[PDB]
Student: 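Here it is: the structure, laid out below.
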Amino acid sequence: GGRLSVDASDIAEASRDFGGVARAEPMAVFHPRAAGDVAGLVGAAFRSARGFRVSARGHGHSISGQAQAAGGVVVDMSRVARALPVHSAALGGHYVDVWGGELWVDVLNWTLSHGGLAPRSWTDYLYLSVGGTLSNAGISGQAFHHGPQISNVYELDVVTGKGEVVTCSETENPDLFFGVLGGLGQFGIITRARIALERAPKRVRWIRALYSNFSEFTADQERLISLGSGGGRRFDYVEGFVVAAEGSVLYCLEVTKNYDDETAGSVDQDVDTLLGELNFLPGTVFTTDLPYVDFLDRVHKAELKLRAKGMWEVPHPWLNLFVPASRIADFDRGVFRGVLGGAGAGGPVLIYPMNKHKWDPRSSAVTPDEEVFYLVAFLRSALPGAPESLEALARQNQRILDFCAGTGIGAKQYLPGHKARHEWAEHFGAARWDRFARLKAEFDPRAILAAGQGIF
Ligand SMILES: *Cc1cc2c(cc1C)nc1c(=O)[nH]c(=O)nc-1n2C[C@H](O)[C@H](O)[C@H](O)COP(=O)(O)OP(=O)(O)OC[C@H]1O[C@@H](n2cnc3c(N)ncnc32)[C@H](O)[C@@H]1O
Ligand SMILES: NC(=O)c1ccccc1NC(=O)Nc1cc(Cl)cc(Cl)c1
């Protein structure tokens, strides 16, 4: 049912990603119509003499060629009939079956228009594929409470590296299910994901507050993510970002309170009660009220403004770290004040804590060995048409990694950009590496899938 393409625009797109550095060209791009077509192509790679590389491409948002299949085939998973949300009395809630290539923005619009339902856990950017985020984790300000998107999926259909279509969940083929979740595309291509849904809020009370004291900023973020664990008043989203003085450093706390027709009468009091317990700088509270879809789509709005200034399609040497909360204080003087002290085209530096117990330890996701850890995301872009800007940002990234290494911070890379075998063994640790290698031997022995990750 599917078709191979050698269109130069298709080859060019499959040869690049949002990072703008890795450029390994495939021989062709495969456009599937259904799961059987993907099984057909992977099965042919497995049976073939050479065993050509096959990688699925979501929206191409990888930073360092993770979706590239050098001299092989890139499966363009982008999109046909769609399954309606379903209620289950056994699960005690709703779910929706989605194609692996579906973008979260399209999932949201579908579930809202069919019962006013929505996924509970997001990414900051919705123009990402379901299969792509589920192969990593999928985090945003809801992860402290609902866990990442890999903690909000009931079942998958996976095309293994042998071209076999397998339905898997916690009860059926769990090794493949938990292996695939956070599995960096190593054990198969997700063709269907069964996403957990909740009754969507209608609106969002979106708040930002400034801090000059890092100890107060982190203590407040850590206090906020411990709320609702006892079932009470809490925010529905907890993020943060590092701000430069002009326009020495400030920390911005970013929170939301979700509401609908029922809770609209208690939203102002819930917000004031939660904010009264915090230590932000007086007079630095910025508030906005907008529809839920608009809050969730906030980064796409920033993107359209950047595309207008020719500032979107530039190199993105983005670095994402998970930092144990016990070492976050040291992280600030050495990195935010140290390494970054004194930038390129600019970009956010995100910072917020998450609860490890919301992450299933059976999945392939690698988190620090601590109950509370932070995402620290260095999302700086290089200047357009200025290669030296990319070089300076890459040296800053290596300085951050050397700082963590030299002070023994047990940080773990999110969307790991490792390429050496000893870096991967170190990343996973002995037990996880052993589980990872064994899963690879079982589901992708010829190392056909997602070879751009550079693990096998
Ligand atoms: C560009 C970007 C990325 C991003 C983000 C904002 C922007 C502007 N915000 C994020 C956020 O708030 N939280 C988060 O967790 N991630 C965020 N990201 C990063 C994003 O998750 C990753 O880039 C991820 O790779 C998903 O992006 P995409 O859908 O474009 O996928 P890809 O880059 O093409 O592929 C990634 C890897 O997975 C394999 N792959 C792709 N599709 C599948 C399927 N269906 N099944 C199995 N494996 C799959 C690729 O081969 C590659 O290895
Ligand atoms: N305010 C933002 O979150 C933002 C603004 C402009 C461009 C990107 C944005 N956010 C973003 O890219 N978040 C993201 C990006 C990655 Cl690669 C990984 C993770 Cl955990 C988070």
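In what follows, every heavy atom counts, from backbone to side chain, and hydrogens, waters and symmetry copies are set aside. Numbers here simply count residues along the sequence, with the first being 1. Just so you know, ligand 1 is whichever comes first in the structure, and atom 1 is the first atom listed for that ligand.
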Student: Distance under 4.0 Å to a non-hydrogen atom of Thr133: what atoms of ligand 1 satisfy this?
Tutor: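 Going through ligand 1 atom by atom, the ones under 4.0 Å from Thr133 are 21 (O), 26 (C).
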
Student: Taking heavy atoms and a distance under 4.0 Å, where does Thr123 meet ligand 2: side chain, backbone, both or neither?
Tutor: neither

Student: Quick one: which of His300, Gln453, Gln68, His61 has a heavy atom closest to atom 37 (C) of ligand 1?
Tutor: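 Among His300, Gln453, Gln68, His61, the closest heavy atom to atom 37 (C) of ligand 1 comes from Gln453.
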
Student: Could you work out, for atom 3 (O) of ligand 2, the closest of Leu319, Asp124, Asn136 by heavy-atom distance?
Tutor: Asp124

Student: Answer yes when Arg33 and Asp37 have at least one side-chain N-carboxylate O distance shorter than 4.0 Å, and no when they do not.
Tutor: no

Student: Over 60° means perpendicular and under 30° means parallel, so classify the ring planes of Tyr127 and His300, tilted if in between.
Tutor: parallel

Student: For ligand 1, does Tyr414 get within less than 4.0 Å through its side chain, its backbone, both, or neither, judged by non-hydrogen atoms?
Tutor: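 The answer is the side chain.
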
Student: Within the 3.5 Å criterion, strictly below it, is a donor on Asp76 or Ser78 matched to an acceptor on the partner's side chain?
Tutor: yes

Student: Enumerate the atoms of ligand 1 whose separation from the nearest heavy atom of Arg57 is less than 4.0 angstrom.
Tutor: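 Reading through ligand 1 atom by atom, the close ones are 34 (O).
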
Student: Of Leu449, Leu350, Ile150, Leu128, which has the heavy atom at the shortest distance from atom 10 (C) of ligand 1?
Tutor: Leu128

Student: Where's the contact between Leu350 and ligand 2, heavy-atom distance under 4.0 Å: side chain, backbone, both or neither?
Tutor: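 Looking at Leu350 and ligand 2, just side chain atoms fall under 4.0 Å.
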
Student: Using a 4.0 Å cut-off to any heavy atom of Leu375, which atoms of ligand 2 qualify?
Tutor: 20 (Cl)

Student: Among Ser129, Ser135, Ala302, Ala56, which one puts a heavy atom closest to atom 47 (C) of ligand 1?
Tutor: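 The residue whose heavy atom sits nearest atom 47 (C) of ligand 1 is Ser135.
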
Student: Do ligand 1 and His59 have nitrogen or oxygen atoms that lie under 3.5 Å from each other?
Tutor: yes

Student: In terms of ring plane angle, is the pair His427 and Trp424 parallel, tilted or perpendicular, where the classes change at 30° and 60°?
Tutor: perpendicular

Student: Do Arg438 and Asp434 meet the salt-bridge criterion of a basic N to acidic O distance under 4.0 Å?
Tutor: yes

Student: Compare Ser78, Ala143, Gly131 and give the one whose heavy atom is closest to atom 44 (C) of ligand 1.
Tutor: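 Residue with the shortest heavy-atom distance to the ligand atom: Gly131.
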
Student: With heavy-atom distances below 4.0 Å as the criterion, list the atoms of ligand 1 near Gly138.
Tutor: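 Counting from 1, the qualifying ligand atoms are 15 (O).
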
Student: Parallel, tilted or perpendicular: which describes the rings of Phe378 and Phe336, with under 30° parallel and over 60° perpendicular?
Tutor: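 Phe378 and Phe336: tilted rings.
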
Student: At the 4.0 Å heavy-atom cut-off, does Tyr414 count as touching ligand 2?
Tutor: yes

Student: Would you call the rings of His316 and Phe18 parallel, tilted or perpendicular if under 30° counts as parallel and over 60° as perpendicular?
Tutor: parallel

Student: Below 4.0 Å, non-hydrogen atoms only: which portion of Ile139 touches ligand 1? Side chain, backbone, both or neither.
Tutor: both

Student: Around atom 34 (O) of ligand 1, find the nearest protein heavy atom and jot down its residue, atom name and distance.
Tutor: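 Atom 34 (O) of ligand 1 sits closest to the protein heavy atom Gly58 N, 2.8 Å.
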
Student: Can you figure out which of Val299, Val376, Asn320 has its heavy atom closest to atom 7 (C) of ligand 2?
Tutor: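 The option holding the nearest heavy atom is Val299.
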
Student: Give the ring-plane orientation class for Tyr125 versus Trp312, where under 30° counts as parallel, over 60° as perpendicular and anything between as tilted.
Tutor: tilted

Student: With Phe322, which of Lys356, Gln413, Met354 fulfils side chain to side chain contact (heavy atoms under 4.5 Å, CB included)?
Tutor: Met354

Student: Identify, by atom number and element, the atoms of ligand 1 in contact range of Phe18, meaning under 4.0 Å from any of its heavy atoms.
Tutor: 1 (C)

Student: Looking only at the side chains, is there a donor atom on one of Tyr237 and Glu254 sitting less than 3.5 Å from an acceptor on the other?
Tutor: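 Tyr237 vs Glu254: donor-acceptor pair found between side chains.
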
Student: Hey, is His316 touching ligand 1 through its side chain, its backbone, both or neither, going by heavy atoms under 4.0 Å?
Tutor: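 It is neither part, as no heavy atom is under 4.0 Å.
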
